[PDB]
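For reference, structure.txt (compact mmCIF, C-alpha atoms and all ligand atoms):
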# COMPACT_ATOMS: atom_id res chain seq x y z
CA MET A 1 108.05 130.05 82.36
CA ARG A 2 104.47 128.79 82.61
CA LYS A 3 102.09 130.05 85.30
CA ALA A 4 98.52 129.00 86.00
CA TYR A 5 95.52 130.21 87.95
CA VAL A 6 94.43 127.76 90.66
CA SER A 7 90.80 128.13 91.72
CA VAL A 8 88.68 126.54 94.44
CA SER A 9 84.98 126.07 93.62
CA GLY A 10 85.43 128.70 90.90
CA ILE A 11 87.02 131.38 93.10
CA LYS A 12 90.61 132.21 92.19
CA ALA A 13 92.81 131.09 95.08
CA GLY A 14 96.37 131.51 93.88
CA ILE A 15 99.08 131.03 91.26
CA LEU A 16 100.89 127.81 90.47
CA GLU A 17 104.13 128.98 88.90
CA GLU A 18 106.89 126.96 87.26
CA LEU A 19 110.46 128.13 87.96
CA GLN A 20 113.75 127.32 86.28
CA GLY A 21 115.54 124.31 87.67
CA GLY A 22 112.46 122.09 87.75
CA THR A 23 111.20 123.79 90.91
CA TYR A 24 107.69 125.10 91.42
CA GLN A 25 105.93 127.63 93.60
CA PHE A 26 102.34 128.13 94.71
CA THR A 27 101.30 131.55 96.01
CA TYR A 28 97.92 132.33 97.55
CA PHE A 29 96.00 135.52 96.80
CA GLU A 30 95.63 138.16 99.50
CA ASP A 31 92.00 138.50 98.42
CA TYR A 32 91.47 134.72 98.78
CA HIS A 33 90.26 133.74 102.25
CA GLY A 34 88.39 130.51 101.50
CA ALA A 35 89.09 126.81 101.85
CA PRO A 36 92.69 125.73 101.17
CA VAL A 37 93.73 124.32 97.81
CA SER A 38 94.92 121.27 99.76
CA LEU A 39 94.83 120.33 103.42
CA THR A 40 98.63 120.28 103.07
CA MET A 41 98.62 123.95 102.04
CA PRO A 42 96.72 125.96 104.65
CA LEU A 43 96.17 129.65 104.04
CA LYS A 44 98.33 130.16 107.16
CA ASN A 45 101.29 130.32 104.75
CA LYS A 46 101.00 132.24 101.50
CA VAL A 47 103.97 130.74 99.59
CA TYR A 48 104.90 127.08 99.08
CA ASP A 49 108.07 125.87 97.34
CA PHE A 50 108.65 122.44 95.76
CA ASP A 51 111.78 120.83 94.32
CA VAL A 52 109.60 118.61 92.09
CA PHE A 53 106.10 118.86 90.68
CA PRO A 54 103.95 119.28 93.81
CA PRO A 55 102.32 116.01 94.90
CA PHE A 56 98.91 117.66 95.37
CA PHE A 57 98.82 118.78 91.74
CA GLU A 58 100.48 115.56 90.52
CA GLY A 59 97.61 113.73 92.24
CA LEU A 60 95.09 115.33 89.89
CA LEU A 61 96.61 113.75 86.77
CA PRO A 62 95.16 110.62 85.15
CA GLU A 63 96.69 107.17 85.57
CA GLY A 64 97.08 103.95 83.67
CA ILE A 65 94.83 103.50 80.67
CA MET A 66 93.37 106.95 81.07
CA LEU A 67 96.79 108.55 80.99
CA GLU A 68 97.48 106.73 77.72
CA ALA A 69 94.17 108.06 76.39
CA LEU A 70 95.29 111.60 77.30
CA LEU A 71 98.63 111.14 75.52
CA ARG A 72 96.81 109.72 72.48
CA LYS A 73 94.62 112.83 72.24
CA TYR A 74 97.14 115.63 72.84
CA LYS A 75 100.59 116.38 71.45
CA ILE A 76 102.25 116.55 74.85
CA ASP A 77 105.43 115.14 76.37
CA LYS A 78 104.97 112.02 78.51
CA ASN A 79 106.42 113.78 81.59
CA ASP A 80 105.18 117.35 81.10
CA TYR A 81 103.16 117.16 84.30
CA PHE A 82 102.40 120.88 84.33
CA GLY A 83 101.33 120.84 80.69
CA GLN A 84 99.12 117.80 81.26
CA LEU A 85 97.56 119.48 84.29
CA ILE A 86 96.73 122.51 82.14
CA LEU A 87 95.15 120.15 79.60
CA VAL A 88 92.85 118.47 82.17
CA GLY A 89 92.66 121.47 84.54
CA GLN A 90 89.12 122.62 83.67
CA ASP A 91 87.72 119.48 85.42
CA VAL A 92 89.64 117.30 87.92
CA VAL A 93 88.74 115.41 91.10
CA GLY A 94 87.64 117.63 94.00
CA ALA A 95 86.99 121.36 94.04
CA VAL A 96 90.18 122.69 92.41
CA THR A 97 90.57 123.82 88.79
CA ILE A 98 93.71 124.98 86.96
CA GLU A 99 93.75 127.53 84.10
CA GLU A 100 96.94 128.64 82.33
CA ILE A 101 98.09 132.27 82.39
CA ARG A 102 97.91 133.42 78.74
CA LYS B 57 103.14 96.26 90.50
CA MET B 58 100.62 95.04 87.92
CA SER B 59 97.40 96.58 89.22
CA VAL B 60 93.99 95.35 88.09
CA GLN B 61 92.50 98.88 88.28
CA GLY B 62 95.19 100.39 86.03
CA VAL B 63 93.89 98.54 82.95
CA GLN B 64 90.29 99.75 83.26
CA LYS B 65 88.81 102.98 81.95
CA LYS B 66 87.05 105.56 84.15
CA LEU B 67 84.69 107.46 81.82
CA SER B 68 82.96 110.69 82.84
CA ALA B 69 79.22 110.62 82.28
CA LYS B 70 76.07 112.65 82.75
CA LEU B 71 72.77 111.16 83.84
CA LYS B 72 70.12 112.12 81.31
CA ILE B 73 67.39 112.64 83.89
CA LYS B 74 64.40 112.31 81.53
CA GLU B 75 65.57 108.95 80.24
CA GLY B 76 67.16 106.48 82.59
CA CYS B 77 70.49 106.44 80.81
CA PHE B 78 74.00 107.85 80.83
CA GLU B 79 75.76 110.05 78.27
CA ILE B 80 79.54 109.68 78.20
CA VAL B 81 81.38 113.02 78.20
CA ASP B 82 85.01 114.13 78.26
CA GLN B 83 84.43 116.82 80.90
CA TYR B 84 81.86 118.15 83.37
CA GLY B 85 80.28 114.82 84.35
CA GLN B 86 78.68 113.70 87.61
CA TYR B 87 79.12 109.92 87.29
CA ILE B 88 82.00 107.61 86.48
CA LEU B 89 81.46 104.65 84.15
CA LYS B 90 83.82 101.65 84.20
CA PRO B 91 83.30 99.29 81.24
CA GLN B 92 84.84 95.86 80.79
CA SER B 93 88.61 95.52 80.70
CA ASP B 94 90.16 93.53 77.89
CA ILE B 95 92.97 92.51 80.26
CA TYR B 96 91.09 91.17 83.32
CA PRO B 97 87.66 89.45 83.49
CA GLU B 98 84.35 90.70 84.91
CA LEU B 99 85.70 93.83 86.58
CA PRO B 100 82.38 95.74 86.38
CA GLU B 101 80.33 92.91 87.93
CA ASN B 102 83.08 92.33 90.49
CA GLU B 103 83.13 95.99 91.51
CA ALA B 104 79.33 96.23 91.63
CA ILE B 105 78.92 93.30 94.00
CA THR B 106 81.94 94.23 96.14
CA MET B 107 80.62 97.75 96.67
CA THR B 108 77.28 96.26 97.65
CA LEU B 109 78.94 93.90 100.15
CA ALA B 110 80.66 96.96 101.67
CA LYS B 111 77.30 98.68 101.99
CA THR B 112 75.84 95.61 103.73
CA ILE B 113 78.49 95.70 106.47
CA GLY B 114 77.74 99.39 107.08
CA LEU B 115 80.50 101.16 105.21
CA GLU B 116 79.52 104.44 103.53
CA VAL B 117 78.96 103.55 99.87
CA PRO B 118 77.65 105.91 97.15
CA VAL B 119 75.06 105.05 94.53
CA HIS B 120 76.46 102.46 92.13
CA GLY B 121 75.21 99.78 89.81
CA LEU B 122 75.46 98.27 86.36
CA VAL B 123 74.20 99.25 82.93
CA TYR B 124 74.31 97.67 79.47
CA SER B 125 76.85 99.13 77.08
CA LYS B 126 76.62 99.03 73.28
CA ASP B 127 78.39 95.65 73.00
CA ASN B 128 75.92 93.86 75.36
CA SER B 129 78.54 93.72 78.09
CA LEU B 130 77.90 95.18 81.53
CA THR B 131 79.44 98.46 82.65
CA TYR B 132 79.75 99.68 86.22
CA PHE B 133 78.73 103.15 87.33
CA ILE B 134 79.29 105.18 90.47
CA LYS B 135 77.76 108.53 91.42
CA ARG B 136 80.63 110.94 92.18
CA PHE B 137 80.65 112.26 95.74
CA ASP B 138 82.82 115.27 94.83
CA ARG B 139 79.89 116.48 92.69
CA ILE B 140 76.68 117.75 94.29
CA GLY B 141 73.72 119.94 93.37
CA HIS B 142 74.08 122.23 90.35
CA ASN B 143 77.74 122.49 89.30
CA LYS B 144 78.87 122.41 92.94
CA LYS B 145 81.89 120.44 94.13
CA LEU B 146 83.26 119.05 97.40
CA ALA B 147 86.97 119.06 98.25
CA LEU B 148 88.49 115.58 97.96
CA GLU B 149 92.12 114.55 98.35
CA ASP B 150 93.74 111.12 98.26
CA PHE B 151 96.35 109.93 100.72
CA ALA B 152 99.16 110.14 98.19
CA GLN B 153 98.37 113.85 97.91
CA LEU B 154 98.08 114.19 101.69
CA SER B 155 101.33 112.34 102.46
CA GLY B 156 103.51 113.79 99.66
CA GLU B 157 103.70 110.69 97.47
CA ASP B 158 102.83 110.46 93.76
CA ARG B 159 101.47 107.94 91.24
CA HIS B 160 104.84 106.24 90.95
CA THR B 161 105.27 105.79 94.74
CA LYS B 162 101.67 105.16 95.77
CA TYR B 163 102.61 101.74 97.19
CA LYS B 164 105.61 103.15 99.09
CA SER B 165 103.84 103.57 102.41
CA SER B 166 102.14 101.54 105.17
CA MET B 167 98.89 101.18 107.13
CA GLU B 168 100.69 102.90 110.00
CA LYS B 169 101.21 105.95 107.77
CA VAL B 170 97.57 105.79 106.63
CA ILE B 171 96.57 106.03 110.30
CA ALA B 172 98.85 109.04 110.76
CA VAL B 173 97.16 110.86 107.85
CA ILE B 174 93.77 110.32 109.50
CA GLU B 175 95.06 111.56 112.86
CA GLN B 176 96.53 114.67 111.25
CA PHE B 177 93.64 115.76 109.04
CA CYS B 178 90.32 114.21 110.08
CA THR B 179 87.93 116.16 112.28
CA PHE B 180 87.18 113.12 114.53
CA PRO B 181 90.13 110.69 114.13
CA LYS B 182 88.85 108.19 116.71
CA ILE B 183 85.61 107.86 114.75
CA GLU B 184 87.49 107.42 111.49
CA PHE B 185 89.72 104.80 113.12
CA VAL B 186 86.63 102.65 113.67
CA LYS B 187 85.78 103.11 109.99
CA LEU B 188 89.33 102.24 108.90
CA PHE B 189 89.25 99.07 111.01
CA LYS B 190 86.02 97.92 109.37
CA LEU B 191 87.35 98.88 105.94
CA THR B 192 90.62 97.02 106.41
CA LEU B 193 88.91 93.84 107.64
CA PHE B 194 86.47 94.12 104.73
CA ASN B 195 89.24 94.45 102.13
CA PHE B 196 91.04 91.45 103.61
CA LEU B 197 87.89 89.30 103.57
CA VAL B 198 86.91 90.13 99.96
CA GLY B 199 90.42 89.91 98.47
CA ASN B 200 90.93 93.61 97.74
CA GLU B 201 94.73 93.56 97.55
CA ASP B 202 95.08 96.97 95.85
CA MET B 203 94.36 99.52 98.64
CA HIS B 204 97.32 101.78 97.80
CA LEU B 205 97.57 105.44 98.81
CA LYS B 206 95.36 106.76 96.00
CA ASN B 207 92.50 104.48 97.10
CA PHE B 208 92.15 106.26 100.46
CA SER B 209 90.67 109.77 100.30
CA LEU B 210 89.55 112.50 102.69
CA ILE B 211 86.41 114.46 101.82
CA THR B 212 85.39 117.86 103.19
CA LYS B 213 81.61 117.85 103.56
CA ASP B 214 79.38 119.87 105.89
CA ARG B 215 82.54 121.41 107.40
CA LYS B 216 83.77 117.99 108.56
CA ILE B 217 86.86 116.25 107.16
CA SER B 218 86.51 112.48 107.09
CA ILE B 219 87.35 109.38 105.13
CA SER B 220 85.38 109.64 101.89
CA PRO B 221 82.61 107.30 100.79
CA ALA B 222 83.84 104.07 99.25
CA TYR B 223 85.23 103.89 95.73
CA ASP B 224 87.09 101.34 93.64
CA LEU B 225 86.41 98.41 96.02
CA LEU B 226 86.99 95.22 94.08
CA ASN B 227 87.97 91.60 94.70
CA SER B 228 91.20 92.06 92.74
CA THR B 229 92.51 88.71 93.98
CA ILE B 230 90.12 86.62 91.90
CA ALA B 231 90.47 88.89 88.86
CA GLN B 232 94.21 88.30 88.28
CA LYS B 233 96.24 85.14 87.98
CA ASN B 234 99.40 85.29 90.11
CA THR B 235 98.35 87.48 93.03
CA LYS B 236 101.41 88.59 94.99
CA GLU B 237 99.95 90.01 98.21
CA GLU B 238 96.98 90.31 100.53
CA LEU B 239 97.48 93.97 101.47
CA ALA B 240 98.77 96.64 99.11
CA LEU B 241 100.37 98.56 101.97
CA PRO B 242 102.11 96.59 104.74
CA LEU B 243 100.69 96.29 108.24
CA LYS B 244 103.31 95.45 110.89
CA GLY B 245 105.65 95.11 107.91
CA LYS B 246 103.43 92.42 106.37
CA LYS B 247 101.67 92.22 103.02
CA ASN B 248 101.03 88.44 103.03
CA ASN B 249 100.20 85.77 105.61
CA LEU B 250 98.41 88.27 107.84
CA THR B 251 96.92 86.73 110.97
CA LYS B 252 94.05 87.44 113.32
CA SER B 253 96.40 88.98 115.87
CA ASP B 254 97.83 91.36 113.28
CA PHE B 255 94.34 92.78 112.75
CA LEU B 256 92.75 92.48 116.18
CA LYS B 257 95.57 93.16 118.53
CA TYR B 258 98.40 95.00 116.83
CA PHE B 259 96.22 96.99 114.43
CA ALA B 260 93.01 97.49 116.41
CA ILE B 261 94.49 97.91 119.90
CA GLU B 262 98.08 99.07 119.52
CA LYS B 263 97.76 101.28 116.44
CA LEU B 264 94.11 102.41 116.44
CA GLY B 265 93.49 102.50 120.20
CA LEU B 266 90.08 100.81 119.98
CA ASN B 267 88.44 99.41 123.10
CA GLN B 268 87.94 95.65 123.30
CA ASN B 269 84.14 96.04 123.36
CA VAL B 270 84.24 98.01 120.10
CA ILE B 271 86.56 95.45 118.47
CA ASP B 272 84.36 92.56 119.58
CA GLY B 273 81.24 94.28 118.27
CA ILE B 274 82.75 94.87 114.83
CA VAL B 275 83.94 91.27 114.59
CA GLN B 276 80.43 90.11 115.48
CA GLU B 277 79.02 92.33 112.71
CA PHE B 278 81.25 90.53 110.19
CA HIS B 279 80.28 87.10 111.59
CA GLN B 280 76.62 88.06 111.23
CA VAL B 281 76.94 89.34 107.67
CA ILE B 282 78.58 86.25 106.12
CA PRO B 283 75.28 84.45 105.32
CA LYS B 284 73.98 87.58 103.60
CA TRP B 285 77.25 88.10 101.71
CA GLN B 286 77.11 84.51 100.49
CA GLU B 287 73.53 85.10 99.34
CA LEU B 288 74.34 88.40 97.59
CA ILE B 289 77.27 86.87 95.69
CA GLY B 290 75.07 84.02 94.51
CA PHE B 291 72.61 86.59 93.13
CA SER B 292 75.20 88.89 91.54
CA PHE B 293 75.99 89.35 87.85
CA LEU B 294 79.32 87.52 88.16
CA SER B 295 79.55 84.33 86.13
CA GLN B 296 79.05 81.07 88.02
CA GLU B 297 82.78 80.42 87.76
CA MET B 298 83.65 83.85 89.18
CA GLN B 299 81.04 83.48 91.94
CA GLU B 300 82.73 80.25 93.02
CA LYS B 301 86.13 81.96 93.14
CA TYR B 302 84.67 84.84 95.16
CA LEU B 303 82.96 82.50 97.64
CA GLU B 304 86.02 80.28 97.99
CA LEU B 305 88.32 83.23 98.74
CA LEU B 306 85.82 84.68 101.21
CA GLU B 307 85.61 81.36 103.03
CA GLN B 308 89.42 81.06 103.14
CA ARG B 309 89.78 84.57 104.55
CA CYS B 310 86.96 83.98 107.04
CA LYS B 311 88.59 80.74 108.17
CA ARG B 312 91.91 82.52 108.64
CA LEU B 313 90.23 84.85 111.18
CA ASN B 314 88.55 81.90 112.97
CA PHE B 315 85.03 82.94 111.94
CA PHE B 316 83.79 79.33 111.84
CA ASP B 317 85.46 77.98 114.97
NA NA A 401 90.73 78.80 87.35
Rewrite the coordinates I just gave you, this time as structure tokens.
Ligand code: NA
Amino acid sequence: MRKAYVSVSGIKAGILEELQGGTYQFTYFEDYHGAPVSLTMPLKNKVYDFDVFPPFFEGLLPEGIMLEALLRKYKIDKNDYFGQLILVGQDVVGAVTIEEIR
Amino acid sequence: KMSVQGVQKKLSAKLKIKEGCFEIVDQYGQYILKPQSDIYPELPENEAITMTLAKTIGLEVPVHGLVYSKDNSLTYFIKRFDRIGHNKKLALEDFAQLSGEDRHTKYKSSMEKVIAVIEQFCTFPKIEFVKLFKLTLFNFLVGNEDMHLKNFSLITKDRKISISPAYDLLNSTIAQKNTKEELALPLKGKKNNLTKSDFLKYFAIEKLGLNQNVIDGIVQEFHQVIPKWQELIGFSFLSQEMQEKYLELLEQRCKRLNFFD
């Protein structure tokens, strides 16, 4: 349904894509030959499948009181992890950014 | 569990270079500001002095300090180490991300698994094991009982992957009333009533593979720093009452590792 550009230090690295059944997929770009999105996702493999929201991307979301501030500001479901990541995706910890496809 | 750090804000901020002051922003900041919590007392002053104690024992600690917020209370700041130069970033990943856990399961791990993450991903694991030993002893001595998986991170800097500079180091024991544990993640299956042999024999020798000379030297460093730690706490911005709690816990933890025998 929803797909998103994942970039590393501004360079587009791949697509985080949400599939039906609550599963997710990350696919690297051929053209991308820079540092991995995560040390758990080396460029060695180009496709990564997940039965739940991938822990790397879940680890970019806010916690505690700052999560409640996010849910006070946006009309978003408490567990829409992908939607929340799109909301904060322009600036998160580390070198990765996330921008929604259309 | 009820975590002290969950009830405190982490505000993005820019340093206005021409003045000596911070501007809070929603995005695109280079500093984090942590103001007072309404749930737990003195968290900014507690974090500021704890991070300074860590620096005094030789852990890698970024720029940090205190500033006055609008309401006369003190607010803590830290210079982000994933932000450098002009709009440049460094890769940074916490151990929940690296071990496949999430925010809900960030306590569902162990110090043994923390070691395994370092062995898998760090450029020089044996060097980072020395750092982890010092960090774990430090957190035990200053009552930091909230080192869960998201409080360990690996940074990629200068093409080397290592344990990141310190962040979020706090004496969470004195900040909260009915403290449940000493370690957030078990060591040898233990989160309370840890002993000297847990740290110096099982942890340092069996699990980290450190040589006895290296262990002895690190212990001596801690012995030597206690007078300066006592002095720094006395001069901190903690209240007198919170200073006494901090010193009393430090002495108890020191005594438990036979520092004064
Ligand atoms: Na009391």
Using only C-alpha atoms, I'd like every residue of chain A that has an atom within 6 Å of chain B; please write them out as number ranges by chain. A: 55-56, 59, 64-65, 94-95
Within 8 Å of residue B:190, counting only C-alpha atoms, which residues qualify if same-chain residues fewer than 4 places away don't, as a short mmCIF file (atom, residue, chain, number, x, y, z; two decimals) with C-alpha atoms, in the frame of the given file?
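In the end it all went to result22.cif:
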data_model
loop_
_atom_site.label_atom_id
_atom_site.label_comp_id
_atom_site.auth_asym_id
_atom_site.auth_seq_id
_atom_site.Cartn_x
_atom_site.Cartn_y
_atom_site.Cartn_z
CA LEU B 115 80.50 101.16 105.21
CA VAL B 186 86.63 102.65 113.67
CA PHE B 194 86.47 94.12 104.73
CA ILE B 274 82.75 94.87 114.83
#
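Going from atom CA of residue B:134 over to atom CA of residue B:88, you cover 5.4 Å.
Taking atom CA of residue B:86 as the reference point, atom CA of residue B:69 is found at 6.2 Å.
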Can you check which parts of chain B lie within 9 Å of ligand NA 401 (chain A)? Per residue, the shortest pair of atoms and distance in Å to one decimal, counting all atoms listed in the file, sorted by chain and number, as a Markdown table.
| residue | atom | partner | partner_atom | distance |
| --- | --- | --- | --- | --- |
| B:233 | CA | A:NA401 | NA | 8.4 |
| B:297 | CA | A:NA401 | NA | 8.1 |
| B:298 | CA | A:NA401 | NA | 8.9 |
| B:301 | CA | A:NA401 | NA | 8.0 |
Around (84.8, 80.8, 97.5) in the file's frame, which residues reach within 12 Å when counting all atoms listed in the file? Return as JSON, numbers by chain? {"B": [197, 198, 199, 227, 229, 230, 282, 285, 286, 289, 290, 296, 297, 298, 299, 300, 301, 302, 303, 304, 305, 306, 307, 308, 309, 310, 311]}
Just how far from atom CA of residue B:170 is atom CA of residue B:132, in Å to one decimal? 27.8 Å
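Among the candidates A:21, A:36, A:42, A:62, the one nearest to residue A:92 when counting only C-alpha atoms is A:62.
With distances taken over all atoms listed in the file, B:241 is the one residue among B:107, B:281, B:241, B:117 lying closest to residue B:163.
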Your completed stretch 113-135 of chain B with N, CA, C and O atoms, as a PDB file, keeping the file's coordinate frame:
ATOM      1  N   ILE B 113      77.825  95.650 105.174  1.00  0.00           N
ATOM      2  CA  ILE B 113      78.490  95.700 106.470  1.00  0.00           C
ATOM      3  C   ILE B 113      78.500  97.093 107.083  1.00  0.00           C
ATOM      4  O   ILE B 113      79.057  97.281 108.171  1.00  0.00           O
ATOM      5  N   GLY B 114      77.864  98.080 106.451  1.00  0.00           N
ATOM      6  CA  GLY B 114      77.740  99.390 107.080  1.00  0.00           C
ATOM      7  C   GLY B 114      78.810 100.396 106.723  1.00  0.00           C
ATOM      8  O   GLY B 114      78.887 101.455 107.367  1.00  0.00           O
ATOM      9  N   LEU B 115      79.637 100.116 105.732  1.00  0.00           N
ATOM     10  CA  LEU B 115      80.500 101.160 105.210  1.00  0.00           C
ATOM     11  C   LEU B 115      79.667 102.154 104.400  1.00  0.00           C
ATOM     12  O   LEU B 115      78.572 101.844 103.922  1.00  0.00           O
ATOM     13  N   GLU B 116      80.190 103.376 104.277  1.00  0.00           N
ATOM     14  CA  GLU B 116      79.520 104.440 103.530  1.00  0.00           C
ATOM     15  C   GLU B 116      79.813 104.232 102.049  1.00  0.00           C
ATOM     16  O   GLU B 116      80.969 104.328 101.624  1.00  0.00           O
ATOM     17  N   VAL B 117      78.781 103.930 101.273  1.00  0.00           N
ATOM     18  CA  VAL B 117      78.960 103.550  99.870  1.00  0.00           C
ATOM     19  C   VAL B 117      78.042 104.423  99.026  1.00  0.00           C
ATOM     20  O   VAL B 117      76.844 104.515  99.331  1.00  0.00           O
ATOM     21  N   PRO B 118      78.535 105.091  97.985  1.00  0.00           N
ATOM     22  CA  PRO B 118      77.650 105.910  97.150  1.00  0.00           C
ATOM     23  C   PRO B 118      76.824 105.051  96.201  1.00  0.00           C
ATOM     24  O   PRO B 118      77.025 103.846  96.058  1.00  0.00           O
ATOM     25  N   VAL B 119      75.864 105.712  95.553  1.00  0.00           N
ATOM     26  CA  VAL B 119      75.060 105.050  94.530  1.00  0.00           C
ATOM     27  C   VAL B 119      75.977 104.440  93.477  1.00  0.00           C
ATOM     28  O   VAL B 119      76.931 105.067  93.001  1.00  0.00           O
ATOM     29  N   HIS B 120      75.685 103.197  93.118  1.00  0.00           N
ATOM     30  CA  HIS B 120      76.460 102.460  92.130  1.00  0.00           C
ATOM     31  C   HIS B 120      75.546 101.424  91.508  1.00  0.00           C
ATOM     32  O   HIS B 120      74.433 101.185  91.981  1.00  0.00           O
ATOM     33  N   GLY B 121      76.027 100.784  90.456  1.00  0.00           N
ATOM     34  CA  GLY B 121      75.210  99.780  89.810  1.00  0.00           C
ATOM     35  C   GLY B 121      75.835  99.355  88.501  1.00  0.00           C
ATOM     36  O   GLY B 121      77.027  99.558  88.276  1.00  0.00           O
ATOM     37  N   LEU B 122      75.017  98.740  87.662  1.00  0.00           N
ATOM     38  CA  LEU B 122      75.460  98.270  86.360  1.00  0.00           C
ATOM     39  C   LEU B 122      74.497  98.774  85.303  1.00  0.00           C
ATOM     40  O   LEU B 122      73.311  98.982  85.568  1.00  0.00           O
ATOM     41  N   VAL B 123      75.020  98.948  84.092  1.00  0.00           N
ATOM     42  CA  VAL B 123      74.200  99.250  82.930  1.00  0.00           C
ATOM     43  C   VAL B 123      74.744  98.471  81.743  1.00  0.00           C
ATOM     44  O   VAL B 123      75.864  97.959  81.773  1.00  0.00           O
ATOM     45  N   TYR B 124      73.925  98.360  80.700  1.00  0.00           N
ATOM     46  CA  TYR B 124      74.310  97.670  79.470  1.00  0.00           C
ATOM     47  C   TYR B 124      75.010  98.648  78.539  1.00  0.00           C
ATOM     48  O   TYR B 124      74.481  99.725  78.255  1.00  0.00           O
ATOM     49  N   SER B 125      76.199  98.288  78.067  1.00  0.00           N
ATOM     50  CA  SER B 125      76.850  99.130  77.080  1.00  0.00           C
ATOM     51  C   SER B 125      76.497  98.618  75.679  1.00  0.00           C
ATOM     52  O   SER B 125      75.782  97.624  75.518  1.00  0.00           O
ATOM     53  N   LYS B 126      77.016  99.308  74.657  1.00  0.00           N
ATOM     54  CA  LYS B 126      76.620  99.030  73.280  1.00  0.00           C
ATOM     55  C   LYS B 126      76.855  97.568  72.905  1.00  0.00           C
ATOM     56  O   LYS B 126      76.031  96.956  72.218  1.00  0.00           O
ATOM     57  N   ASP B 127      77.960  96.988  73.376  1.00  0.00           N
ATOM     58  CA  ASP B 127      78.390  95.650  73.000  1.00  0.00           C
ATOM     59  C   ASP B 127      77.794  94.549  73.880  1.00  0.00           C
ATOM     60  O   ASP B 127      78.407  93.479  74.022  1.00  0.00           O
ATOM     61  N   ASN B 128      76.617  94.790  74.470  1.00  0.00           N
ATOM     62  CA  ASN B 128      75.920  93.860  75.360  1.00  0.00           C
ATOM     63  C   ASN B 128      76.643  93.558  76.665  1.00  0.00           C
ATOM     64  O   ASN B 128      76.063  92.921  77.552  1.00  0.00           O
ATOM     65  N   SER B 129      77.891  93.991  76.817  1.00  0.00           N
ATOM     66  CA  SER B 129      78.540  93.720  78.090  1.00  0.00           C
ATOM     67  C   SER B 129      78.048  94.693  79.154  1.00  0.00           C
ATOM     68  O   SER B 129      77.443  95.728  78.862  1.00  0.00           O
ATOM     69  N   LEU B 130      78.311  94.345  80.404  1.00  0.00           N
ATOM     70  CA  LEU B 130      77.900  95.180  81.530  1.00  0.00           C
ATOM     71  C   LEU B 130      78.981  96.197  81.854  1.00  0.00           C
ATOM     72  O   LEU B 130      80.180  95.924  81.733  1.00  0.00           O
ATOM     73  N   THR B 131      78.545  97.371  82.287  1.00  0.00           N
ATOM     74  CA  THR B 131      79.440  98.460  82.650  1.00  0.00           C
ATOM     75  C   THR B 131      79.040  98.937  84.030  1.00  0.00           C
ATOM     76  O   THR B 131      77.851  98.997  84.351  1.00  0.00           O
ATOM     77  N   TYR B 132      80.027  99.233  84.862  1.00  0.00           N
ATOM     78  CA  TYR B 132      79.750  99.680  86.220  1.00  0.00           C
ATOM     79  C   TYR B 132      79.620 101.200  86.222  1.00  0.00           C
ATOM     80  O   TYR B 132      80.242 101.893  85.412  1.00  0.00           O
ATOM     81  N   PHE B 133      78.776 101.716  87.118  1.00  0.00           N
ATOM     82  CA  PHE B 133      78.730 103.150  87.330  1.00  0.00           C
ATOM     83  C   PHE B 133      78.764 103.466  88.813  1.00  0.00           C
ATOM     84  O   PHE B 133      78.357 102.655  89.656  1.00  0.00           O
ATOM     85  N   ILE B 134      79.271 104.655  89.118  1.00  0.00           N
ATOM     86  CA  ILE B 134      79.290 105.180  90.470  1.00  0.00           C
ATOM     87  C   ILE B 134      78.932 106.661  90.401  1.00  0.00           C
ATOM     88  O   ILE B 134      79.369 107.373  89.492  1.00  0.00           O
ATOM     89  N   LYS B 135      78.108 107.116  91.335  1.00  0.00           N
ATOM     90  CA  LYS B 135      77.760 108.530  91.420  1.00  0.00           C
ATOM     91  C   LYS B 135      78.880 109.229  92.197  1.00  0.00           C
ATOM     92  O   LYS B 135      79.174 108.857  93.341  1.00  0.00           O
TER      93      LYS B 135
END
